[PDB]
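Trainee: let me give you the complex in parts, starting here:
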Amino acid sequence: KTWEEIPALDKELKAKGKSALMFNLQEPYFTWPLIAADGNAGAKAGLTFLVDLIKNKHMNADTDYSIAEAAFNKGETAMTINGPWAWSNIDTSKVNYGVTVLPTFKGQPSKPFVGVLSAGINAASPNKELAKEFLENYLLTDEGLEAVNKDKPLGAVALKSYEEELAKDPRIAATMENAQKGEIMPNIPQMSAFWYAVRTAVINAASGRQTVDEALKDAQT
Amino acid sequence: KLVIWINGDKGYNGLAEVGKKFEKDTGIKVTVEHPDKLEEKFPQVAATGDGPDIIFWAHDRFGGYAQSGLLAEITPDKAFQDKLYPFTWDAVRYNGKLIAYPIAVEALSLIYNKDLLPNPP
């Protein structure tokens, strides 16, 4: 239920030839919940913990989406951090999985960023009216979203008609739990420069180049 | 050609499977048709044109066909007659003459979704 009790659990699991937690450390969207758990002083706390996990050999230095996914699906790691989309691949494997609340850090919850999957029409497209037809009458329909969802889960769909089906799923409940503890990302143009600043900062601190204090300095600029 | 007129909400595919066994034992074709408004298309077409050989509908429409002279008198032997419930034969009787063969009793019921409504009104 807490981030701070993972090192103990990892010591226990490493004795039996298993990891505790493996997730994508390269993409900052996955590391941000821990970083933003308290908050600055909050970012310094959250990241130092993440740095200590790699320093204590609990997590690998270059842990990416593929080796984390594969390791969990194979049955090598006891935990992983991922989205709705990842569930179908677990179902394919023979792993009795559970989706739950993200661990708390410094008592407070880990605040994961909330994304709204959205479809936009390219300004330089001649098929603007044909795309509107596809999006409205064919995709954003009960039948349409069902087709996408049975391939790889969408999460909590925006369609009002899908509330009953969403509510029947325990994994959706866990997703909504984390979404309430997190916050929706502002759409602002500066988000790109922000994400890049966090992507470098996390990689530098993970590998062992820049210090945790120097990472937030270069990132705030 | 043996042509049968029965409503589209009924089991015409199954009625055809009976018709397919008939052709195997005799050689006569048994096509099953389901046209719209057959209850009011039959007395117009069957009077003038050929229409169907056998007409399937609830017994209530048959008295009008019988008065107009659009139906042959049914003459089934005792042994066949005895296979069906005597009350069913009464429904297919107009002025002391059997005007059809009774198949089944039909009545509307309340169909409900047990998941959305376990104790219905």
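Mentor: Nice, I can see it. Residues are numbered from 1 along each chain as shown, chains lettered A, B, ... in the order given.
Trainee: quick one: the spatially closest residue to residue A:56 that is not a sequence neighbour from residue B:77, how far?
Mentor: Distances taken as C-beta to C-beta, 6 or more residues apart in numbering or on different chains put residue A:7 closest to residue A:56, at 6.4 Å, once the chain neighbours are dropped. C-beta here means a position set from N, CA and C on the backbone, and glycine is covered the same way. Per C-beta to C-beta, to the nearest Å, residue A:7 is found 93 Å from residue B:77.
Trainee: so between these two, which is more surrounded?
Mentor: Neighbour count, other C-beta atoms under 10 Å in any protein chain shown: between residue A:7 and residue B:77, residue A:7 has more, with 15 against 7.
Trainee: in the helix or strand that one falls within, what counts as buried?
Mentor: Element membership for residue A:7, per DSSP states H and E: helix A:6-15. Buried residues in helix A:6-15, counting neighbours by 16 or more other C-beta atoms under 10 Å in any protein chain shown, are found at A:6, A:10, A:13.
Trainee: now find how far off-centre it is within its chain.
Mentor: 22 Å (C-alpha atoms, centre = their mean, to the nearest Å).
Trainee: need the residues that contact the next helix-or-strand element following it.
Mentor: Next helix or strand after helix A:6-15 toward the C-terminus (DSSP H and E): strand A:19-21. With contact meaning C-beta atoms under 8 Å, 6 or more residues apart in numbering or on different chains, strand A:19-21 is reached by A:6, A:9-10, A:13-14, A:58-59, A:71, A:76-81.
Trainee: okay, these in CSV with distance to residue A:114 next?
Mentor: Below are the contacts of strand A:19-21 laid out as CSV (distance: C-beta to C-beta, whole Å):
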residue, distance to residue A:114
A:6, 24
A:9, 27
A:10, 28
A:13, 30
A:14, 33
A:58, 28
A:59, 25
A:71, 26
A:76, 29
A:77, 25
A:78, 26
A:79, 21
A:80, 19
A:81, 15
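Trainee: slot chain C in:
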Amino acid sequence: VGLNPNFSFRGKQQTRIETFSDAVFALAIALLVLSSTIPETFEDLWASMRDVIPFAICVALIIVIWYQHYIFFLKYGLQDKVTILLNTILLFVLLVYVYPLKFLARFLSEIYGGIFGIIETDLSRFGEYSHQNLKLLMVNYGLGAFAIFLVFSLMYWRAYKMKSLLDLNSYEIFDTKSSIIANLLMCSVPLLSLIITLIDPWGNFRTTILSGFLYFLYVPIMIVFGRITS
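Mentor: Let me put chain C in with the others:
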């Protein structure tokens, strides 16, 4: 068949905790009645039939607890140490309050018997009805009722803590959360009598009247909580 159509009943199969529990509920209601003496004469027979009103009230009260137990174990099918622990605490409280309920039920049946005018038999058999004793009566039974509902709240909270392990859906999470609130709200009424009696604002029977009158105000607060969820 069940309470909620959206709830998936994990405990349809009978378990040891439930079998043991059933014996104890049966043992409780059964020994409440059958703890009485066997009539040996017509006089005893008529005396023993005066006990059915008190027993009906007790039995009604115990099955209401049994029902809540049945519904909990039906909902979650739990069987872990902590559930066993909380379950034992419950049965323990039940058991210690079986004979005291027989007592209270007989006592109140005489008091209400006198009021309506059915009977006119003595209450001196119960042993001095003093302010201190009538206060301890509330505090005792009030502490009992509070504990039962407190334990039911803890049991539902244990299921809430294992929501992911139990694969609880949004409807089931909501039910569980509502069941905790329901049991804490149920517990609040005896907690409020008990506190009022222990402080004793009036220093006389008035205290006991108010404390007893709060049980009559369960119905309205229960309706508020039921209305809020609908």
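Trainee: wait, residue A:33 touches residue A:108, no?
Mentor: No - shown here, residue A:33 and residue A:108 do not form a contact pair, counting by C-beta atoms under 8 Å, at 11.3 Å.
Trainee: hmm, residue C:32 is touching residue C:60, no?
Mentor: No - in terms of C-beta under 8 Å, residue C:32 does not count as a neighbour of residue C:60; the distance is 11.5 Å.
Trainee: thinking again about what came up before, between residue A:33 and residue A:108, which one's more packed in?
Mentor: A count of neighbours by other C-beta under 10 Å puts residue A:33 above the other of residue A:33 and residue A:108, at 22 against 13.
Trainee: let me know the secondary structure of the more buried one.
Mentor: Of the three states, residue A:33 takes helix under DSSP: H, G, I helix; E, B strand; the rest coil.
Trainee: now the residue sitting furthest away from the middle of chain A: how far from residue B:42?
Mentor: Taking C-alpha atoms, centre = their mean, the residue of chain A most remote from its mean C-alpha position is residue A:126, at 35.4 Å. According to C-beta to C-beta, residue A:126 stands 56 Å off from residue B:42.
Trainee: cool, residue C:49 as well?
Mentor: Distance of residue C:49 to residue B:42, given as C-beta to C-beta: 76 Å.
Trainee: helices along chain A, start to end?
Mentor: For chain A, applying DSSP state H gives helices covering A:6-15, A:28-35, A:41-55, A:65-74, A:87-92, A:128-133, A:142-151, A:163-167, A:170-181, A:191-207, A:212-220.
Trainee: can I get the ones you listed in a markdown table including distance to chain C?
Mentor: Below are those laid out as a markdown table (distance: least, C-beta to the nearest C-beta, whole Å):
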| stretch | distance to chain C |
| --- | --- |
| helix A:6-15 | 16 |
| helix A:28-35 | 17 |
| helix A:41-55 | 23 |
| helix A:65-74 | 16 |
| helix A:87-92 | 13 |
| helix A:128-133 | 33 |
| helix A:142-151 | 16 |
| helix A:163-167 | 4 |
| helix A:170-181 | 4 |
| helix A:191-207 | 28 |
| helix A:212-220 | 32 |
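Trainee: could you also fit chain D onto it:
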Amino acid sequence: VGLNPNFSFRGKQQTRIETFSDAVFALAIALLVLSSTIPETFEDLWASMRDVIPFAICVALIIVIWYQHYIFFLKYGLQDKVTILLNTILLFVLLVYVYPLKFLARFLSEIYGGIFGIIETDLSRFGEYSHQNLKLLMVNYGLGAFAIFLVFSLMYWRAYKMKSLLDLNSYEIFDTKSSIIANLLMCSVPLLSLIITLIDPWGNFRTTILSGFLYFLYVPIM
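Mentor: Chain D goes in next, on the same frame as the chains above:
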């Protein structure tokens, strides 16, 4: 195995209501016998052996109720609030008439013992057999029997009210309807004795004598 070959038994799996109920039936028949004192001398033993005829009568009577309970829960597999409520009322009635029956069975076992000539012990042990006492006796065990068959009728009516939810077929609907009638007809005999004893037409033992006789003609009066 079962009563009807056309009935589909919904309650083959044991449930909590049935497990609880089984304890209470067992607790009843078991405490009826084991409520007695433990013999500490041969004198106390030979006395408890006189008690077996009344116990046999009582036990036979309680299993007959248990059987009807077993068949109902086997037929419908019901487990709802109203079924729980009616089931509790039943077990409550049972429980109240356990020790009373231990007494009536002993009372009749003494009277009928005297008649046949097996024993010659006193009936003053039972403390005044006045008209009002022997009247109240028939009003008591008559009110008990009536209320047990009345409850069984209500339980079958609850299943009849849920016929569609239970997916009851024409044979099962008929059985359910017949079971309601059976239990109301069973309840009618004690309801008659009770009404006879209460109205008291003769004003003497002629009333009580009849009230006991209506049970002996259970099948014919049905």
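Trainee: please name the residues that touch whatever residue of chain B ends up closest to chain D.
Mentor: Of all residues in chain B, residue B:118 sits closest to chain D, at 6.4 Å by C-beta to the nearest C-beta. With contact set as C-beta under 8 Å, 6+ apart, residue B:118 has these partners: C:1, C:5, D:165.
Trainee: how near is it to residue C:199?
Mentor: Residue B:118 is 48 Å from residue C:199, by C-beta to C-beta.
Trainee: show residues contacting the longest helix along chain B.
Mentor: Determined from DSSP H, the single longest helix within chain B is helix B:12-25. The contact list for helix B:12-25 (C-beta under 8 Å, 6+ apart) reads B:2, B:4, B:6, B:28, B:29, B:30, B:31, B:32, B:34.
Trainee: just stretch C:97-106 next, same as before
Mentor: Taking C-beta under 8 Å, 6+ apart as the rule, stretch C:97-106 contacts C:28, C:31-32, C:35, C:51, C:53-55, C:57-58, C:61-62, C:137, C:140-141, C:144.
Trainee: kindly report the same for stretch C:6-24.
Mentor: Applying C-beta under 8 Å, 6+ apart, the external contacts of stretch C:6-24 come out as A:168, C:2, C:69, C:73-79, C:83-84, C:87, C:91, C:94-95, C:166, C:169, C:171-172, C:175, D:13-16, D:19-20, D:23.
Trainee: which members of those occur in helices, if any?
Mentor: Among those, the members falling in helices (DSSP H) are C:69, C:73-76, C:83-84, C:87, C:91, C:94-95, C:171-172, C:175, D:16, D:19-20, D:23.
Trainee: circling back: list the buried residues of the longest helix of chain B.
Mentor: Applying a neighbour-count criterion of 16+ other C-beta under 10 Å, one finds B:12, B:15, B:19 buried in helix B:12-25.
Trainee: many thanks, we can stop here.
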